[PDB]
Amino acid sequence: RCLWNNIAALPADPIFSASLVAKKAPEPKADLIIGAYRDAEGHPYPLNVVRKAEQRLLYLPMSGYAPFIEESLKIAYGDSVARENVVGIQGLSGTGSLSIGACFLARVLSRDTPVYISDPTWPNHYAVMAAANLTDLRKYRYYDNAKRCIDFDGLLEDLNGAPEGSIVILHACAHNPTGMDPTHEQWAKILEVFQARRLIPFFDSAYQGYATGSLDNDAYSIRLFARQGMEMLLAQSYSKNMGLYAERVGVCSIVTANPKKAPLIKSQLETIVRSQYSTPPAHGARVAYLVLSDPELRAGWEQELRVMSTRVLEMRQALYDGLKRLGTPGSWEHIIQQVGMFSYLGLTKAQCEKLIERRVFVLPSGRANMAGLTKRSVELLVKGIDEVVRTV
């Protein structure tokens, strides 16, 4: 007898292997899997202001460190709704905050509630929903691989098919892995569907401040839905926009249309966090609270974020410029319409396989970490893409 005889084969981790290849590859190379950042997830090192806050930092309820929760709600919702319509609790980073929200949705609605997920998405979305036992997982078309844009007609078709009450996982800004976000107009069309079909937004905000370098503008989609009266969930991470991965800083929040339901939501969320931590991680919350609340730290963080987003846009611009100059076949407009640190380069699996023999390392999906590119590496990437497009 063996309890586990049916455990079921799973495909192996694509990224981990390929990541080691790029790392333990010679030296004359362009690593766009990990590179300058710390993992293939793209966690950066603590930002300058975060380090200042760590230094300057020299009895919690289960929901966690309330000053941090309040600042986290502020940066996300920005007065789009009244405070009494908002409930927040600490999560262990983005992943923990997603799982809190997913377990909350599973407990208060139903584990059989359909969840729509973008095609493609951040891969561990599936792992989070499965751990919550959200078993009815569906795709909405998102990236159009042929036209190198958001398949917005497909997206709207799939969401217009969503059963009422379906959960939709939404990337707040800097869609991962494509780097391509809806326009404001597209968000308006999306919102109309949510409203007509009474779908449940579940916003994933891991990059507020990365997309445009503007916290407010990056929050457009969250605030559009909240302000127009949508009830919804939000998972916030600070692992990327502050570099606080090790301290596991995040918030899961719920928007209620009825403020009298808020204490009930809060208690339900508090028993859920108990499945995640026995004591709220106070230290990372105190650090983030200080970056958020202190005017001088807050100003320096907003500025470093603005610096990063213009830099990455610059590199994208150089990439596109190099591809136009070489006459590389295809549309390359998507390269300068993308934001955040990941971009879908627009290549086929086969073209990506050949790039990795140039020691230009991207994922086989065409995902490139575009932060960390230098004028030298972007020109290697120009020549590499131009070669594989023409010969593969």
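The first residue of the sequence shown is number 1, and the count goes up from there.
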Task: Missing residues, deposited sequence, between residue 58 and residue 59 (class: none, 1 to 3, 4 to 9, 10 or more) - done: 4 to 9
Task: Average Cα temperature factor in the PDB entry - higher stretch of 44-52, 338-346 - done: 44-52
Task: Given 159-167 and 143-151, the range whose Cα B-factors average higher in the PDB entry - done: 143-151
Open item on the list: If I read the C-alpha B-factors straight from the PDB entry, which of 133, 276, 271, 212 is highest?
Closed with: 212
Task: Highest recorded Cα temperature factor - choice among 62, 69, 33, 355 - done: 355
Task: B-factor third for the C-alpha atom of residue 323 within its chain - done: lowest
TODO: Rank-wise, by C-alpha B-factor, drop residue 389 into the lowest, middle or highest third of its chain.
DONE: middle
Open item on the list: Sorting by Cα B-factor within the chain, modelled residues only, which third would residue 205 end up in: lowest, middle or highest?
Closed with: lowest
Open item on the list: Please place residue 123 in the lowest, middle or highest third of its chain according to the CA B-factor in the PDB entry.
Closed with: middle
TODO: Check where residue 182 lands among this chain's C-alpha B-factors and tell me if it's the lowest, middle or highest third.
DONE: lowest
